[PDB]
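Okay, so here's just one chain, in structure tokens, the form deposited in one PDB entry.
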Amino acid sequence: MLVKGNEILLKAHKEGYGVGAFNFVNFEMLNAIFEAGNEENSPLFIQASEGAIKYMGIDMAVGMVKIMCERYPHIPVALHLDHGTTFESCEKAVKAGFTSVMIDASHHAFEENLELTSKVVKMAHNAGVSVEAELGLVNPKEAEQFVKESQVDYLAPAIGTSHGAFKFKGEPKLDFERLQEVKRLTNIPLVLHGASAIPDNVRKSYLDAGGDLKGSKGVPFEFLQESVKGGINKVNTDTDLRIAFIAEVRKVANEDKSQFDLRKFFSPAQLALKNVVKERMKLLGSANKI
């Protein structure tokens, strides 16, 4: 059922594996994510950004997730506010039924990031909700201080990732020795943002359907595994899903100009998304952890 984000991530912290945190914006993405979790016997972090919540309405975002939990009552599921920008945003998500909220004030200085994060934590913990924060590259000693002062449940340390399909213009590399240092001093679950890899087969599908991925590329599979070894426990994944989904939508549009049955577009798009999720669960080590 729907559980506190910390319940899932504490396990992954103790046993040293990574749980994927998969964004959704509608029913098709959510269904494919849940089907993958059921087929790989993996716990699920379900994420909604503030833009996705505006698109769906927060009543629908939580409502659809609750329905899916009743459909697969054996899968541990956390519903996570992705990149909350204000206290009030995190507070609205708590009242709506989210079991995990992230407050992104990494763009602020240490002192204001910590003051706002601490405010979110108090409100959230009062309602039984776990909190993620961000910091950053990261400096391990202030991370130690940040975590102890804020009492946040998980932390996203900056180690060389960024959202989108365009992660590194040159060689891909992440500062894993910084990560191991953060992990030691904080001893809490850690979060990797911008962790989409753009698998080879997903890139092929998008470009085969006439898509333009520009010079985009993401974290190699090897560096996601090394991140988990370093102590990452929550791996944010979104771009990979969207590319795999829209590749199939473009394909159907191209191959049959007379097709306007929505299910003919989105049934193959769901399957491609679902396979990206299933492979990621195995890569990160959360398969068969229910």
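Only residues modelled in both forms are compared. We number the residues from 1 along the sequence you see. Here the rigid core means the biggest group of C-alpha atoms that line up within 1.5 Å when the two forms are laid on top of each other.
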Missing residues, deposited sequence, between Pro220 and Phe221 (class: none, 1 to 3, 4 to 9, 10 or more): none
Comparing 100-108 with 67-75, the one whose average Cα B-factor in the PDB entry is higher: 100-108
164-172 versus 121-129 - greater average Cα B-factor per the deposited record: 164-172
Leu283, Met1, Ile8, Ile290, ranked by C-alpha B-factor: the highest one: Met1
Residue, from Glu91, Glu115, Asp208, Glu134, that the PDB entry assigns the highest Cα B-factor: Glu115
Third of the chain's Cα B-factor distribution that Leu81 belongs to, per the entry: lowest
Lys257 by Cα B-factor - lowest, middle or highest third of the modelled chain: lowest
CA B-factor placement of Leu224, once the chain's modelled residues are sorted into thirds: highest
Where the record places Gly57 (Cα B-factor, split into thirds across the chain): lowest
Chain-wide C-alpha B factor ranking for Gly231, given as lowest, middle or highest third: highest
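From this point on, the text means the form deposited in another entry, which you will not see here.
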Shifted position (C-alpha, 2 Å or more, core held fixed) between the shown form and the other one, chosen from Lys167, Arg203, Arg178, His83: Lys167
Note on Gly164-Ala105 C-alpha separation in that other deposited form, which departs from the shown form by 3 angstroms or more: closer
Relative Cα spacing, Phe166 and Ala105, in that other deposited form - shift of 3 Å or more: closer
Displacement runs between the shown form and the other one, C-alpha, 2 Å or more, three or more consecutive residues, core aligned: 162-172
